[PDB]
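Numbering (the entry's author numbering), first residue to last: 97 to 289.
Beta carbons are placed, not taken as given, at the ideal position from N, Cα and C, and that holds for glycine.
Below is one structure, written out as structure tokens; comments come after it.
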Amino acid sequence: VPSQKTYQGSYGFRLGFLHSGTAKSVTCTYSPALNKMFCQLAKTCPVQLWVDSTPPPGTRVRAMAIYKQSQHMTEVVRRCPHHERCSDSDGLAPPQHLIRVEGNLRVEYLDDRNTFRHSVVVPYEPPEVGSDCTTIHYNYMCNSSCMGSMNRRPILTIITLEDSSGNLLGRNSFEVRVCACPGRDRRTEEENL
Ligand SMILES: [As]
Ligand SMILES: [Zn+2]
């Protein structure tokens, strides 16, 4: 099982999220209290990389999903057969991969040879000039309620900062729910606090 231990590392690596709120029109919204992202299928999911100092050239940013619950954690998170077989290809992403990056022609996808786990990696870019963070647009290509894969089992996304040689520079994570009404579902999951 890949580590999910938070690790700010040498560069002070942390995640940020847009403050999108829970209006019914929201397609992507993050709950600080639950550290949980609520997303519509295949919609832009902005994840902000915040660093205290700029990591070197060739730094890369990896995303990987694992099941949150210990009893499922060894199971590879992958798209259900239906979504696997859907005609929603962007021509870069493997059809089985739950997490894609959109709007980045330098995206790289990995099926780990030994663990079989899926990940998607992009070059780290410094914040645009005048910005304080780097935003990656992720897409989640299968629903939490999909019976053929996650089937209501919660998943985590682990975001890793690695150098060009693959050494770990930093790590963070957040829970993800892929659903029809993220605004409503966030608001609802938060009313039980
Ligand atoms: As999202
Ligand atoms: Zn699915």
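Under three-state DSSP, which class holds residue i?
i	result
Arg110	strand
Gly266	strand
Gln167	helix
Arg196	strand
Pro191	coil
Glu221	coil
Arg273	strand
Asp207	strand
Under 6 Å from any heavy atom of ligand 1, does the C-beta of residue i make it?
i	result
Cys242	no
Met246	no
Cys277	no
Taking 6 Å as the cut-off, is the CB of residue i close to at least one heavy atom of ligand 2?
i	result
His115	no
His179	yes
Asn235	no
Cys176	yes
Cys238	yes
Could you check which residue in the options has the C-alpha nearest to that of residue i?
i	options	result
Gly108	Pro278, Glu271 and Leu257	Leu257
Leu265	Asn210, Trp146, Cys238 and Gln165	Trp146
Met246	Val272, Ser227 and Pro223	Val272
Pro219	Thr118, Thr211, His233 and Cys275	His233
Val157	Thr125, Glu287, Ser269 and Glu286	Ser269
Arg110	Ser149, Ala276, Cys124 and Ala119	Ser149
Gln144	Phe113, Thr155 and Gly244	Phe113
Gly154	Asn239, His115 and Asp259	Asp259
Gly244	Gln104, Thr118 and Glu180	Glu180
Using the C-alpha atoms, what's the distance from residue j back to residue i?
i	j	result
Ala189	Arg283	32 Å
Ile162	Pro223	28 Å
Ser99	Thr170	12 Å
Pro278	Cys141	12 Å
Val122	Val225	28 Å
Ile195	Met160	7 Å
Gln167	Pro250	12 Å
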